[PDB]
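So you know, we letter chains A, B, ... as the sequences are listed, proteins then strands, and number each from 1. All heavy atoms count here, side chains included; hydrogens, waters and symmetry mates do not.
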Amino acid sequence: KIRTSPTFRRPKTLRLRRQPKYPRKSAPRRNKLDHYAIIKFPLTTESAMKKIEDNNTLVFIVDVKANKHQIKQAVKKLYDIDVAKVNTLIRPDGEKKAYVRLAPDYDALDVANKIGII
Amino acid sequence: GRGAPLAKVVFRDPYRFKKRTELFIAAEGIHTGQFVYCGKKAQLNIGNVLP
Amino acid sequence: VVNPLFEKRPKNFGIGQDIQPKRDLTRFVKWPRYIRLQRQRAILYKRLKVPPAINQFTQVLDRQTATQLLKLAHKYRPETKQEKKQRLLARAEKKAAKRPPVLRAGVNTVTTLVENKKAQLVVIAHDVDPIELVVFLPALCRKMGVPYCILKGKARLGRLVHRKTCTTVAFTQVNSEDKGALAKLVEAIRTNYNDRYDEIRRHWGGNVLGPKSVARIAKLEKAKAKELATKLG
Amino acid sequence: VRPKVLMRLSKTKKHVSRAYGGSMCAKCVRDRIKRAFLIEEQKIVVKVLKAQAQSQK
RNA sequence: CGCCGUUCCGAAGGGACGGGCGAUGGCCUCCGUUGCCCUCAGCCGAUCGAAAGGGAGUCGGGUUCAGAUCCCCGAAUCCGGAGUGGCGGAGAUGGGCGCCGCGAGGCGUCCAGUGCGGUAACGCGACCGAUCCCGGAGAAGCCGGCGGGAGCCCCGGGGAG
RNA sequence: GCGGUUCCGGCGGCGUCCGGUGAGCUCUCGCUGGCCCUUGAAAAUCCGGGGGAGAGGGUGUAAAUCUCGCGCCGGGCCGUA
RNA sequence: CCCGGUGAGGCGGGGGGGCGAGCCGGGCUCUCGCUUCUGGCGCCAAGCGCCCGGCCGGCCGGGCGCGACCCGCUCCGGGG
Ligand SMILES: [Mg+2]
Ligand SMILES: [Mg+2]
Ligand SMILES: [Mg+2]
Ligand SMILES: [Mg+2]
Ligand SMILES: [Mg+2]
């Protein structure tokens, strides 16, 4: 009715949400970073053996794109174990190494036997 | 870079609940806590702004 | 009975004093460029000198005439797309088992009719833009002796023909029961337009200063007249 | 303390139990109370004289 | 190809306490979420720009061939979240009148209660509150003198080698 | 000083004590001064205050609310020789 | 067409009101628009008038107007 401000601003108009006639992609893209992709293979060096026996820690080579949360969930589902924490580094050769510590109720040495590490 | 000092003067906004800070050239003899007056009907005193 | 706690608390809106109220600033708003443009174009058409050929379109029928003219024209509207289908289907049934009068619309159709003297009354919108589309029509109708009128709104002529807009429409024939109504309009319309054509085409428009300027001129002159009156006292 | 440490301190540690407390000094709170009171009295004094002068006029 | 320009020739807000109309659900009691309308709304310039500037919060011990304030042991701490965010404590729990009782107190009504201490500086464990507004911190050079605390050095003794 | 597989955070005894001093050196905290026709960043971010629109319960099974004490969950990404 | 200012916030004209002047109480010459003591405070309307809704004249709650004069064609100035 009246303008108590000297400024004209663009009035807010309705903005509809998209309702595509067709989907631009026929099917959703498959997940290329599933659990089998995230865990490549276990490390079996002298350091990795020390980690298993003394720190309750498995040592894995993992996809460089995987994060700690993804590593943790893959390890749990692949081997049905429980994970206390995960430490990661990227090696000078470009691979990502995961230091997965098991919960105190799991024995890494026992788990390593199931996986075939030892 | 400027020889003259500058005075920081605070006015009330006549249309909004605010304080307006201006930056004047400091006329010689003005002091902090002094009242200055600007407008057609301000009195002829050092530091006032008049037409 | 009044509660003694209530009281008046007036605000003093002098310079200084209390913050000013929220009054209407409409006059002082900074409008979008497109709003400033169309308003400044309205002012220019007042401020400049408008030639008679363009200024003639500011003279328009009064609402009373424009209502009678539009009620008569409502009886001869072109058939809509829908009801042309029914007429065609009815002819199909009739074939298995005359053109009535209608409005003629479009500046190209009306122009040919005026030149052929086949039009009886020409209605021209006052706000066609570009104006060159019809700027010549009032003078053409006068030359051919076709009564013409100027109506407010190309949208109103648009509604007659079931379209958004129409620059002009024309009566070519009417039913016998409406011949008197057309004659009454033509006589009134002819006096306002065709018989004043000499003064319409010599009558410039615009050339009016802004109110502040006019007021300034009025104040300046009034000083002299008062002094001139006080010259003799 | 550093400004982002104030977020984890209780309110009591960041102010004083007094009007403007924690933001204005005590000395200048006493002055503003007198100044506000004393100035508002002068408005009544000046208003009364104006009313009286108008009454005589 | 592009260039100038960075607030300057711009309808530059996609937000919100609250209110009213509906729609959906759930620990369906009533609350969320959600759509519209009303109301309110300066920031005034996208963005980038510092591994020495600003910027919350981690320390001691042990451990390897090579890593550690990152691993292990121990002891902490910041930020964010949870209203199915749980338990304490605070708000909080008082007084008048009328009955009963020797009293301790118990009942019925009527009123109060968004904490308290100090003359003060200010203190106490919290100690409601939005738009809006004011202010503080971040946030301030170089040089001199002097003083306090540390580490180191020095001096006099006890041990142990 | 004792043991072991003897490549065990192995196990034991004792000790880890009492004073002085300084324009000393280094760091730091603070007070006070001098110099400038030199006056020596900004922002993210955090806080307090002013106001009082509101909300909370009717004396209890108390409410709104709480920057108080506990308790519950999490902290991804890249660098690191 | 150009320049300056501003969050384009009260511009022009008229009305209304106040102090003065002066002609024989009224009309006008003509001016003014409510802040100057103090290193306070100042928004998000009080009041009034008129309508309306819900519940049981009484409660609870809304809308409009005045307050905050009206009409206007360039935001206001400076150039041109
Ligand atoms: Mg950046
Ligand atoms: Mg940095
Ligand atoms: Mg840690
Ligand atoms: Mg308060
Ligand atoms: Mg290193």
K.L.:
Over all heavy atoms of both residues, which pair between A:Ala37 and A:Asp63 is shortest? Give the atoms and the distance, please.
P.N.:
O-CB, 4.1 Å
K.L.:
In plain terms, say whether C:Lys224 and C:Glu227 are close enough for a salt bridge, that is, a side-chain N and a carboxylate O under 4.0 Å apart.
P.N.:
no
K.L.:
Quote, to the nearest angstrom, the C1' distance that separates E:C128 from F:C66.
P.N.:
8 Å
K.L.:
Expressed as a whole number of Å, how far does the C1' atom of F:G20 sit from that of F:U26?
P.N.:
23 Å
K.L.:
Nearest heavy-atom pair of B:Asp13 and C:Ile19: which atoms, and what distance?
P.N.:
O-CG1, 4.0 Å
K.L.:
Return the minimal non-hydrogen interatomic distance between C:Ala125 and C:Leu157, and the atom names on each side.
P.N.:
N-CD1, 3.8 Å
K.L.:
Less than 4.0 Å between a side-chain N and a carboxylate O, is that true for C:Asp198 and C:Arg202?
P.N.:
yes
K.L.:
Can you tell me how far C1' in E:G14 sits from the matching atom in G:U35, rounded to whole Å?
P.N.:
43 Å
K.L.:
Does F:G54 pair up with E:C128, Watson-Crick or G-U wobble, with both distances inside 3.5 Å?
P.N.:
yes
K.L.:
Scan A:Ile52, A:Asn56, A:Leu58 and name whichever one has a side-chain contact (heavy atoms from CB on, under 4.5 Å) with A:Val111.
P.N.:
A:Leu58
K.L.:
Find which nucleotide of RNA chain G each of A:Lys1 and C:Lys226 is nearest to by heavy atoms, and output the residue with the more 5' nucleotide.
P.N.:
C:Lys226
K.L.:
Would E:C153 and F:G22 pass as a Watson-Crick or G-U wobble pair if both distances have to be under 3.5 angstrom?
P.N.:
yes
K.L.:
How long is the line joining OH of B:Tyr37 and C1' of G:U38, in whole Å?
P.N.:
10 Å
K.L.:
Encode nucleotides 74-81 of chain F as B, S and - characters from 5' to 3', where the letter depends on protein heavy atoms closer than 4.0 Å: B to the base, S only to sugar-phosphate, - to neither.
P.N.:
-SSSSS--
K.L.:
Check every strand shown and say whether A:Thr57 touches a base, only sugar-phosphate, or nothing at a heavy-atom separation below 4.0 Å.
P.N.:
nothing
K.L.:
Between F:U26 and E:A150, is there a Watson-Crick or G-U wobble pair with both distances below 3.5 Å?
P.N.:
yes
K.L.:
What's B:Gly3 touching, base or sugar-phosphate or nothing? Going by heavy atoms closer than 4.0 Å.
P.N.:
nothing
K.L.:
Tell whether D:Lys43 reaches the base of G:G40 with its side chain through a donor-acceptor pair below 3.5 angstrom.
P.N.:
yes
K.L.:
Roughly, in whole Å, what's the span from NZ in B:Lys40 to P in G:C11?
P.N.:
11 Å
K.L.:
Restricting to non-hydrogen atoms, name the atom on D:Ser10 and the atom on D:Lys14 that form the minimum distance, rounded to 0.1 Å.
P.N.:
O-CE, 3.3 Å
K.L.:
At under 4.0 Å between heavy atoms, what does D:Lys34 touch on the DNA or RNA strands: base, sugar-phosphate, or nothing?
P.N.:
nothing
K.L.:
What about B:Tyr15: does its side chain form a donor-acceptor pair under 3.5 Å with the base of G:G10?
P.N.:
yes
K.L.:
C1'-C2'-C3'-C4' for G:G15: north (positive) or south (negative)?
P.N.:
north
K.L.:
Between B:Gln43 and D:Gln54, who's closer to the 5' end of RNA chain G by nearest nucleotide?
P.N.:
D:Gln54
K.L.:
Does A:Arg101 or D:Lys4 map to a spot on RNA chain E nearer the 5' end, using the closest nucleotide for each?
P.N.:
D:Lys4
K.L.:
Contact class for A:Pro11 (heavy atom, under 4.0 Å): base, sugar-phosphate, or nothing?
P.N.:
base
K.L.:
Contact boundaries of RNA chain E with chain A (under 4.0 Å, heavy atoms), 5' to 3'?
P.N.:
E:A11 to E:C73
K.L.:
Scan residues 3-36 of chain C against RNA chain E and write down, sorted by residue number, each residue with any heavy atom closer than 4.0 Å; if none is found, say none.
P.N.:
C:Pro32, C:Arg33, C:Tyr34
K.L.:
Return yes if the base of G:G39 and the side-chain atoms of B:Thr32 contain a donor-acceptor N/O pair under 3.5 Å, otherwise no.
P.N.:
yes
K.L.:
Taking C1'-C2'-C3'-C4' positive as north and negative as south, where does E:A12 sit?
P.N.:
south
K.L.:
What integer distance in Å separates B:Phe35:CZ from G:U36:P?
P.N.:
12 Å
K.L.:
For a quick check, tell me whether the side chain of B:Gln34 and the base of G:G39 share a donor-acceptor pair closer than 3.5 Å.
P.N.:
no
